[PDB]
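Novice: Let's see this in three dimensions:
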Amino acid sequence: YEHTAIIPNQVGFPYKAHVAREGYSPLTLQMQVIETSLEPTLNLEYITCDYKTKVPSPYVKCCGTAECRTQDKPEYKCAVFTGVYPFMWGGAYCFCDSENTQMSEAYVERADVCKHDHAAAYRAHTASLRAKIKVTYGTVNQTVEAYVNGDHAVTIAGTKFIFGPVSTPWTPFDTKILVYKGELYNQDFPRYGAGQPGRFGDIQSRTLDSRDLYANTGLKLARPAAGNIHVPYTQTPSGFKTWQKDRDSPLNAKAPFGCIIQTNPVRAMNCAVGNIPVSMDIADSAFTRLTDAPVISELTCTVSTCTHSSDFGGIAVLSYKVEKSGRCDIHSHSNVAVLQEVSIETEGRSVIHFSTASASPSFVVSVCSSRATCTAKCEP
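Specialist: Numbering: from 1, shown residues only. The coordinates are given below.
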């Protein structure tokens, strides 16, 4: 028919489904999730690169004011530091008393390690879960890995999974994510080209192969030291040297909701949040028919032992006399219980790990189209 339910979407947990239609046997589905991560769509506006000062050879005018036309550099500061007294090693840059000077020009330019490593300030759009649920649909065993936001009709082997539309706002989405070498950071990116000098992210990186560079990390020229050719430039301190080196606790750590973030694309695999809303369009024309199933009778379950919080939990010895052989459904109608499997063998005393986290267990077990109510007390 349509097994419309919610798997408990904290992956690793068994997810039973004792769905039974007329004409068939009891139908048993067993799901287990893995990796339905968010993947918010980024919009990168940043470079995260190191600054560079194109400080060329200063035009000596000896004597004479050398003109300083505007360069094409992103910080193209030239200053006609006049009154330069050039006394150097190997041949007279000054031969007069005054009017000799150095026009000094430097230009802000990008780093060459941007191709080595960038820094990405992506503004995040929405994201959507994508999951691999191992589904045991009777004798079918297959792990369906599809976009789990509800739109993608997951073609099962004779089934139609619809995992989603899940309500998850608990995500690693911030307003702006800085990604740096795999290091995540939900960190406040500035305006595109408005940084403070030495602010975190000083280089304007509109494109990763871009053409401009906003930068408030300005050089500061001066009338330099006499004799030695020192056109000193009081530049900014490197914010990319700071915002990575001596960067904060990275947003890859500190996963709220207990998720596992990872960024080839920035997505949070294993994110233990919520239940997966799943609609199984699966008919009774894949399951075993009711006319050929073993007619179980005399259903009496036992309480062999009770664990308080163990995985297996309970010793459940279910006595049952069967009309014929067959597979036995376990799909008990108890939220306080968890069936150890949906497997059940040819009849007799079927032992079963009656998993139950409740201390006062009373599980209404469904066995072969019959039911019982096992009772017990767990352990500490």
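
Novice: Just give the nearest non-adjacent residue to residue 217, would you?
Specialist: Closest residue to residue 217 in three dimensions, ignoring its sequence neighbours and counting by Cβ to Cβ, 6 or more residues apart in numbering: residue 236, at 2.7 Å. No exception for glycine: its C-beta is placed from N, CA and C like everyone else's.

Novice: next one: residue 196
Specialist: Spatially, and ignoring its direct neighbours in sequence, residue 196 is nearest to residue 216 (5.9 Å; Cβ to Cβ, 6+ apart).

Novice: what's around the one you found, how many residues?
Specialist: 18 (other Cβ atoms under 10 Å).

Novice: so which helix or strand takes in it?
Specialist: In this structure, residue 216 is located outside every helix and strand according to DSSP states H and E.

Novice: Surely it touches residue 201?
Specialist: No. Applying Cβ atoms under 8 Å, one finds residue 216 not in contact with residue 201, separated by 10.5 Å.

Novice: shared neighbours, those two?
Specialist: residue 195 (Cβ atoms under 8 Å, 6 or more residues apart in numbering).

Novice: Please work out how many residues are found near residue 349.
Specialist: Neighbourhood size, residue 349 [other Cβ under 10 Å]: 12.

Novice: That one pairs with what?
Specialist: Assessed by DSSP bridges, residue 349 has beta-bridge partners residue 319.

Novice: What separation do you get for it and residue 137?
Specialist: In this structure, residue 349 and residue 137 are 28 Å apart, going by Cβ to Cβ, to the nearest Å.

Novice: next one: residue 285
Specialist: Using Cβ to Cβ, residue 285 is found at 12 Å from residue 137.

Novice: next one: residue 12
Specialist: Using Cβ to Cβ, we find residue 12 at a distance of 19 Å from residue 137.

Novice: The two - which one has more neighbours?
Specialist: Between residue 12 and residue 137, counted using other Cβ under 10 Å, residue 137 has the larger neighbour count: 23 against 10.

Novice: Sketch out the helices for the stretch 201-350 of the chain, chain order is fine.
Specialist: Using DSSP state H, counting those that start in this stretch, the helices found in the stretch 201-350 of the chain span residues 239-243.

Novice: so where do the strands sit in it?
Specialist: Per DSSP state E, counting those that start in this stretch, the stretch 201-350 of the chain has strands spanning 260-263, 266-269, 276-280, 296-300, 315-322, 348-353. These are given in chain order.

Novice: just those strands: most buried one?
Specialist: Mean neighbour counts were taken over the strands of the stretch 201-350 of the chain using mean count of other Cβ atoms under 10 Å, and the top value, a mean of 24, falls to strand 266-269.

Novice: Okay, now the sheet partners of that one, with direction.
Specialist: strand 260-263 (antiparallel).

Novice: starting at the chain centroid, how far to the strand it pairs with?
Specialist: Chain-centre distance of strand 260-263: 4 Å, with Cα atoms, centre = their mean, to the nearest Å.

Novice: got the contact list for it?
Specialist: 37, 172, 179, 182, 184, 251-252, 255, 267-271.

Novice: can you pick the most crowded of those residues?
Specialist: Of all the contacts of strand 260-263, the highest neighbour tally under other Cβ under 10 Å goes to residue 268, namely 30 neighbours.

Novice: Identify the bridge partners of it.
Specialist: Residue 268 forms beta bridges with residue 261, as assigned by DSSP bridges.

Novice: Make residue 1 into 838 and carry on from there
Specialist: Fine by me, first position is 838 from now on; the one you just mentioned is residue 1105.

Novice: Pull the contacting residues for it.
Specialist: Residue 1105 touches 874-875, 1008-1009, 1092, 1096-1099, counting by Cβ under 8 Å, 6+ apart.

Novice: In a markdown table, list those along with distance to residue 845.
Specialist: Below are those laid out as a markdown table (distance: Cβ to Cβ, whole Å):
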| residue | distance to residue 845 |
| --- | --- |
| 874 | 17 |
| 875 | 19 |
| 1008 | 19 |
| 1009 | 21 |
| 1092 | 19 |
| 1096 | 16 |
| 1097 | 18 |
| 1098 | 22 |
| 1099 | 23 |
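
Novice: Which two among these are spaced furthest apart?
Specialist: 1008 and 1099 (13.6 Å; Cβ to Cβ).

Novice: Now the terminal residues of stretch 1063-1080, how far apart.
Specialist: Taking Cα to Cα, to the nearest Å, the first and last residues of stretch 1063-1080 lie 37 Å apart.
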